[PDB]
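**Student:** model this:
(4 chains, ligands or ions: 17)
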Amino acid sequence: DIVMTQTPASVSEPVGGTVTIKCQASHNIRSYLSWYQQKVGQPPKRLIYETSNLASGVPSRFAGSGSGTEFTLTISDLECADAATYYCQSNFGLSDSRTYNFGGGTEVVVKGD
Amino acid sequence: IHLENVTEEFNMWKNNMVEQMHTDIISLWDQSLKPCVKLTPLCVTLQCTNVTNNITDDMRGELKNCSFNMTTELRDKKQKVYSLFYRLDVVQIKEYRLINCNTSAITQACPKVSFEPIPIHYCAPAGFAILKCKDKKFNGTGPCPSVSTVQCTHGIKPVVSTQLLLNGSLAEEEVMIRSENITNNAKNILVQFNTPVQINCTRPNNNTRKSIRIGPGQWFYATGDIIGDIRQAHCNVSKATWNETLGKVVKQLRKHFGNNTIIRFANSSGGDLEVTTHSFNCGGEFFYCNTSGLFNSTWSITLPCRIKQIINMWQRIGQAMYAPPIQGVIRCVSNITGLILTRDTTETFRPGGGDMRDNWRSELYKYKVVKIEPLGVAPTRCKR
Amino acid sequence: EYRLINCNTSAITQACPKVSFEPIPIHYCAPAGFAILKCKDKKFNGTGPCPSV
Amino acid sequence: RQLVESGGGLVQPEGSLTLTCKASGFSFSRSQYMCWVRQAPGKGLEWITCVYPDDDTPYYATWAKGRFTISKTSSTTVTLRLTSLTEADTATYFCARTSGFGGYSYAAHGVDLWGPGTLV
Ligand SMILES: *[C@@H]1O[C@H](CO)[C@@H](O[C@@H]2O[C@H](CO)[C@@H](O[C@@H]3O[C@H](CO)[C@@H](O)[C@H](O)[C@@H]3O)[C@H](O)[C@H]2NC(C)=O)[C@H](O)[C@H]1NC(C)=O
Ligand SMILES: *[C@@H]1O[C@H](CO)[C@@H](O[C@@H]2O[C@H](CO)[C@@H](O)[C@H](O)[C@H]2NC(C)=O)[C@H](O)[C@H]1NC(C)=O
Ligand SMILES: *[C@@H]1O[C@H](CO)[C@@H](O[C@@H]2O[C@H](CO)[C@@H](O)[C@H](O)[C@H]2NC(C)=O)[C@H](O)[C@H]1NC(C)=O
Ligand SMILES: *[C@@H]1O[C@H](CO)[C@@H](O[C@@H]2O[C@H](CO)[C@@H](O)[C@H](O)[C@H]2NC(C)=O)[C@H](O)[C@H]1NC(C)=O
Ligand SMILES: *[C@@H]1O[C@H](CO)[C@@H](O[C@@H]2O[C@H](CO)[C@@H](O)[C@H](O)[C@H]2NC(C)=O)[C@H](O)[C@H]1NC(C)=O
Ligand SMILES: *[C@@H]1O[C@H](CO)[C@@H](O[C@@H]2O[C@H](CO)[C@@H](O)[C@H](O)[C@H]2NC(C)=O)[C@H](O)[C@H]1NC(C)=O
Ligand SMILES: *[C@@H]1O[C@H](CO)[C@@H](O[C@@H]2O[C@H](CO)[C@@H](O)[C@H](O)[C@H]2NC(C)=O)[C@H](O)[C@H]1NC(C)=O
Ligand SMILES: *[C@@H]1O[C@H](CO)[C@@H](O)[C@H](O)[C@H]1NC(C)=O
Ligand SMILES: *[C@@H]1O[C@H](CO)[C@@H](O)[C@H](O)[C@H]1NC(C)=O
Ligand SMILES: *[C@@H]1O[C@H](CO)[C@@H](O)[C@H](O)[C@H]1NC(C)=O
Ligand SMILES: *[C@@H]1O[C@H](CO)[C@@H](O)[C@H](O)[C@H]1NC(C)=O
Ligand SMILES: *[C@@H]1O[C@H](CO)[C@@H](O)[C@H](O)[C@H]1NC(C)=O
Ligand SMILES: *[C@@H]1O[C@H](CO)[C@@H](O)[C@H](O)[C@H]1NC(C)=O
Ligand SMILES: *[C@@H]1O[C@H](CO)[C@@H](O)[C@H](O)[C@H]1NC(C)=O
Ligand SMILES: *[C@@H]1O[C@H](CO)[C@@H](O)[C@H](O)[C@H]1NC(C)=O
Ligand SMILES: *[C@@H]1O[C@H](CO)[C@@H](O)[C@H](O)[C@H]1NC(C)=O
Ligand SMILES: *[C@@H]1O[C@H](CO)[C@@H](O)[C@H](O)[C@H]1NC(C)=O
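**Tutor:** Numbering: from 1, shown residues only, chains lettered A, B, ... in the order given. Ligands and ions are numbered 1, 2, ... in the order given. Next up is the structure itself:
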């Protein structure tokens, strides 16, 4: 029942730049949101497990923040290696309705020469 | 009335004032249960489910839904009633029964009656007097100078607990270690702190009291429909204070057991919850807490807790008390003022106790009762 | 369908048929160390002072 | 410790299939929560369903409730039964494990382990 909207659907920025990725929830989710990075042909990798707390092995360039219903990533020093689809996942829990809606994602293109 | 040259002999381990307090508490308790509702009709088959629509996972196995048939008239017209119950109160025969319907009568605590401890002073009857030691660093046994008289003792709150001694009073200068037989591992060691350890406990669940008609002027208090997330009850214990407090205890234990040895604290032992966990009832509900998080060392701390509604008061069997649910949430703050320890080169100590009298004996180690016999003779110059 | 009026709120006890409550005048008597005083005045308020005690 | 999916292959409209996923290297326990997510080849990811292994309570997305069934089959395996298949359900299906806190959902951290996806 809790649905999340992403924006911009896609971006493009030259190498070394910074991308802001935004996710807007329909309900307050008490900062339990996680974020994933998906490479083509691979399952998504977890970057953030709890709003701002980064997953082990993930560089600080992928830090983010938010509260309430509004969350963002600010991924710095973008490399062509970082081009990926990024996704927002709700993780609200508790109820028996659950529904861990995986929100939509955004495409980040990192441009070289 | 300070007695300037009186050196009286005390023995706290033989203090009958403790025995009286024990007996009086039980009697008051029992008479308070004569009125109000008896719950025999709840000894019925229950149909239970696991209550999972708003929980954290650590609480996943703690509640049962339990639907059952009970009536209000002798009309052979039963109605469905449901109540949540804590797992510890319900035993499987999908079909379940209350844990005590196999061995005892169940009496509902009367909801309008409070047992909140109020300090009680004991006073001597005419012809008697109470004497007390004022000495610091007193064993609780043997002679002491600076004996004074008492009409009424200081007030003592009749707090009942296991493992940790709560509220009551503090030692004058340093933690005191007292025992009946210190080299005998069969005895409890009563440790009285010279400073409190603050403990914060709670039941962070907004509950609802459901009134069920059970008979002609009789009500049963059911519980259910908890509002919001269901969470585990717990105590926080300040961590630094606890560690410092043990350091003081260890130093004093070494004075008794050798300053060249090493001792450790273990997570008590096996047995029933009434023995193995910390027990108190603030707010009107009975808490059983895991002290394994405290007694874990060699020389905030969250302690998970469980809650029961059907209580077999320690003092006897054949009867059980049902504690009605408390509306809203429970929070309380108390002072840990001491420990009840046993001991198993190096040595190991464990939380013990469970005997209600230890909680009063630890306060009544200063007072003694004597009888006045104001008649006697002596040789002198006095001729009819 | 009917019910007795009090089965909704209270226990019902049968008066025991062999027991009578017929009023018999009762005198109250003082315990040792005490005495009862009374006014003999006519037209007495039931309050205030009275002579002829 | 790697989840491995099987039971792939596309099935014609109005058919059915069952997907299988194994916990190679581990067993299910109270801190683990198992779920399935799918991704159509031209889409993002859509959550379908989860099961909690200590009591096997299933949870379903509304859109999936009448077509998808999740069930534990062993201490190491789970399956997902799919019925009333349409061509619109062609997707890569993933088996995944989440983690969390005892004080709040052992899923509230999201997926730590994903299997390779399998397409049907
Ligand atoms: C050790 O002493 C403390 C302090 O006396 C005891 O805690 C106190 O318990 C009373 C009774 O539950 C609390 O007051 C209550 O507040 C509620 C609020 O609505 C009210 O409805 C009740 O009628 C009553 O007033 C009191 O606040 C509480 N003190 C603190 C600081 O929370 C404590 O329980 C004692 N230890 C043991 C084991 O009893
Ligand atoms: C305990 O079980 C009862 C019985 O299923 C649950 O109460 C039902 O909740 C549904 C939700 O709309 C109502 O439609 C039913 O009428 C309720 N039953 C009754 C008898 O009122 C109850 O919520 C469960 N309690 C939990 C899980 O906390
Ligand atoms: C309530 O939850 C408990 C676990 O929290 C369930 O216990 C399971 O019972 C089955 C019976 O065969 C066992 O195989 C499982 O291993 C048990 N789980 C655990 C963790 O031990 C219990 O069945 C649940 N009750 C209901 C009514 O669903
Ligand atoms: C309350 O009483 C009713 C009536 O006897 C119970 O329902 C019966 O349960 C038995 C069990 O197999 C069934 O065979 C009957 O057909 C049921 N009767 C009806 C009218 O449904 C009911 O289960 C009792 N409640 C509980 C919690 O046991
Ligand atoms: C479980 O707890 C949650 C959180 O309080 C309840 O969800 C809220 O219910 C109210 C009821 O109108 C809604 O307005 C809120 O939007 C709900 N919160 C969210 C995030 O959707 C939930 O209803 C509770 N479940 C039960 C069975 O009582
Ligand atoms: C128990 O709760 C009380 C508050 O209800 C805590 O008191 C606070 O302690 C901090 C410690 O620095 C103080 O700064 C606050 O001012 C205190 N609050 C008040 C209202 O005075 C207390 O510490 C808690 N105890 C434990 C063990 O957590
Ligand atoms: C826990 O111990 C503290 C002291 O460490 C107690 O504080 C007393 O609070 C009363 C309230 O008016 C004061 O009059 C006393 O002077 C305080 N004592 C000291 C030494 O300052 C506190 O009340 C204790 N809590 C319990 C439940 O006994
Ligand atoms: C029923 O009461 C007896 C009394 O000795 C006890 O031993 C038994 O364990 C009780 N039943 C259950 C299931 O505990
Ligand atoms: C105090 O306790 C110790 C424990 O060994 C004992 O030996 C000593 O005699 C006691 N003192 C008095 C005055 O009883
Ligand atoms: C403890 O009890 C034993 C029992 O014989 C006794 O010998 C011993 O001396 C006691 N310890 C003390 C300190 O009195
Ligand atoms: C224990 O400390 C945690 C720290 O956040 C706090 O949230 C919790 O409410 C505390 N519990 C009690 C009983 O104070
Ligand atoms: C003490 O901790 C150990 C750790 O495995 C546990 O097995 C034991 O039961 C604990 N003791 C008590 C009394 O809980
Ligand atoms: C106390 O905590 C220890 C920690 O492992 C746990 O094993 C034990 O079962 C707990 N005991 C109780 C009574 O909760
Ligand atoms: C005792 O302390 C050790 C130190 O790490 C810890 O691992 C262990 O779990 C502790 N025991 C309890 C019951 O917390
Ligand atoms: C419990 O929920 C009710 C719902 O309105 C609220 O009014 C009440 O204050 C809550 N109690 C607590 C202790 O939060
Ligand atoms: C049943 O008892 C309640 C007690 O308050 C009373 O109000 C009610 O009127 C009684 N029922 C009838 C029909 O009088
Ligand atoms: C008698 O009752 C009247 C009523 O007004 C009162 O004023 C008067 O003082 C009473 N007399 C005495 C002796 O109390």
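**Student:** residues touching residue 104, list them.
**Tutor:** Let's take chain A. Going by CB atoms under 8 Å, 6 or more residues apart in numbering or on different chains, residue A:104 touches A:4-6, A:9, A:87-88, D:44. No exception for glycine: its C-beta is placed from N, CA and C like everyone else's.
**Student:** right idea, wrong chain: chain D
**Tutor:** Residue D:104 neighbours (CB under 8 Å, 6+ apart): A:32, A:93-94, B:56-57, B:229.
**Student:** of those residues, closest to residue D:5?
**Tutor:** Comparing the contacts of residue D:104 against residue D:5 with CB to CB picks out residue A:93 as the nearest, at 24.9 Å.
**Student:** quick one: the closest one and residue D:109 touch, right?
**Tutor:** No - using CB atoms under 8 Å, residue A:93 is not in contact with residue D:109; the gap is 10.6 Å.
**Student:** shared neighbours of these two, which are they?
**Tutor:** residue D:100.
**Student:** mind checking which of these two has more residues around it?
**Tutor:** residue A:93 (25 against 22; other CB atoms under 10 Å in any protein chain shown).
**Student:** doesn't the more buried one belong to a strand?
**Tutor:** No - counting by DSSP: H, G, I helix; E, B strand; the rest coil, residue A:93 is located in no strand; its state is coil.
**Student:** tell me the phi and psi of the residue nearest to it when sequence neighbours are not counted?
**Tutor:** Distances taken as CB to CB, 6 or more residues apart in numbering or on different chains place residue D:105 nearest to residue A:93, at 3.6 Å, with adjacent residues excluded. With angles defined as degrees, to the nearest 10, residue D:105 sits at phi 60, psi 110.
**Student:** so who does residue B:302 touch?
**Tutor:** Counted by CB under 8 Å, 6+ apart, residue B:302 has contacts B:234-237, B:293.
**Student:** distance check, it against residue D:99.
**Tutor:** Separation of residue B:302 from residue D:99 (CB to CB, to the nearest Å): 20 Å.
**Student:** mind checking the SS state of the residue in the stretch 251-384 of chain B that ligand 8 sits nearest to?
**Tutor:** Proximity of the stretch 251-384 of chain B to ligand 8 (CB to the nearest ligand atom) peaks at residue B:317, 9.3 Å away. In three-state terms, and counting by three-state DSSP, residue B:317 is coil.
**Student:** also residue D:29?
**Tutor:** Residue D:29 ends up coil, using three-state DSSP.
**Student:** backbone dihedrals for it, please?
**Tutor:** Dihedral angles for residue D:29 - degrees, to the nearest 10 - are phi -150, psi 180.
**Student:** give me the neighbour count for it.
**Tutor:** Neighbour tally, residue D:29, other CB under 10 Å: 10.
**Student:** how far away is it from ligand 2?
**Tutor:** 25 Å (CB to the nearest ligand atom, to the nearest Å).
**Student:** once you drop chain neighbours, what's closest to that residue?
**Tutor:** Nearest to residue D:29 is residue D:53, by CB to CB, 6+ apart, at 7.2 Å.
**Student:** now the buried members of the contacts of residue B:302.
**Tutor:** B:234-235, B:237, B:293 (16 or more other CB atoms under 10 Å in any protein chain shown).
**Student:** identify the residue nearest the geometric centre of the chain.
**Tutor:** Using chain A here. Central residue of chain A (CA atoms, centre = their mean): residue A:35, 3.8 Å from the mean position.
**Student:** switch to chain D, please.
**Tutor:** residue D:36 (2.2 Å).
**Student:** what do you get for chain B?
**Tutor:** Short answer for chain B (CA atoms, centre = their mean): residue B:161, at 1.7 Å.
**Student:** so who does it touch?
**Tutor:** B:278-280, B:359.
**Student:** number of nearby residues for residue 92?
**Tutor:** Since you didn't name a chain, this refers to chain A. 22.
**Student:** that's the wrong chain, I wanted chain B
**Tutor:** 10.
**Student:** repeat that for the one 10 residues further on.
**Tutor:** The number of residues packed around residue B:102, counting by other CB under 10 Å, is 9.
**Student:** for the longest helix anywhere in chain B, buried residues please.
**Tutor:** Counting by DSSP state H, the longest helix found in chain B is helix B:239-257. Burial within helix B:239-257, assessed by neighbour count using 16+ other CB under 10 Å, is assigned to B:241-242, B:245-246, B:249-250, B:253-254, B:257.
**Student:** outside of it itself, list whatever touches it.
**Tutor:** With CB under 8 Å, 6+ apart as the criterion, helix B:239-257 contacts B:174-177, B:182, B:191, B:193-195, B:197-198, B:261, B:263, B:265, B:294, B:297, B:299-301, B:339, B:347, B:349.
**Student:** that older thread, contact partners for the residue nearest to residue D:29?
**Tutor:** D:28-30, D:32-34, D:72.
**Student:** run the last query once more with 10 Å
**Tutor:** D:23, D:27-34, D:72, D:75, D:78 (CB atoms under 10 Å, 6 or more residues apart in numbering or on different chains).
**Student:** ok, residue B:82 next?
**Tutor:** Contacts of residue B:82 by CB under 10 Å, 6+ apart are B:46-49, B:65-68, B:210, B:212, B:222, B:224-225.
**Student:** likewise for residue D:8?
**Tutor:** So residue D:8 contacts D:17, D:19-20, D:92-93, D:117-120 (CB under 10 Å, 6+ apart).
**Student:** quick one: which helix or strand includes it?
**Tutor:** For residue D:8, there is no host helix or strand (DSSP states H and E).
**Student:** count of neighbours near residue A:41?
**Tutor:** 8.
**Student:** how close does it sit to ligand 9?
**Tutor:** With CB to the nearest ligand atom as the criterion, residue A:41 and ligand 9 are 76 Å apart.
**Student:** from chain D, which residue is nearest to ligand 1?
**Tutor:** Closest point on chain D to ligand 1, by CB to the nearest ligand atom, is residue D:103, at 22.9 Å.
**Student:** does that residue touch residue A:93 like I think?
**Tutor:** No - in this structure residue D:103 lies outside contact range of residue A:93 using CB atoms under 10 Å: 11.2 Å.
**Student:** give me the contact status of stretch D:93-103 with ligand 3.
**Tutor:** No - using CB under 6 Å from any ligand atom, stretch D:93-103 stays clear of ligand 3, with a minimum separation of 13.2 Å.
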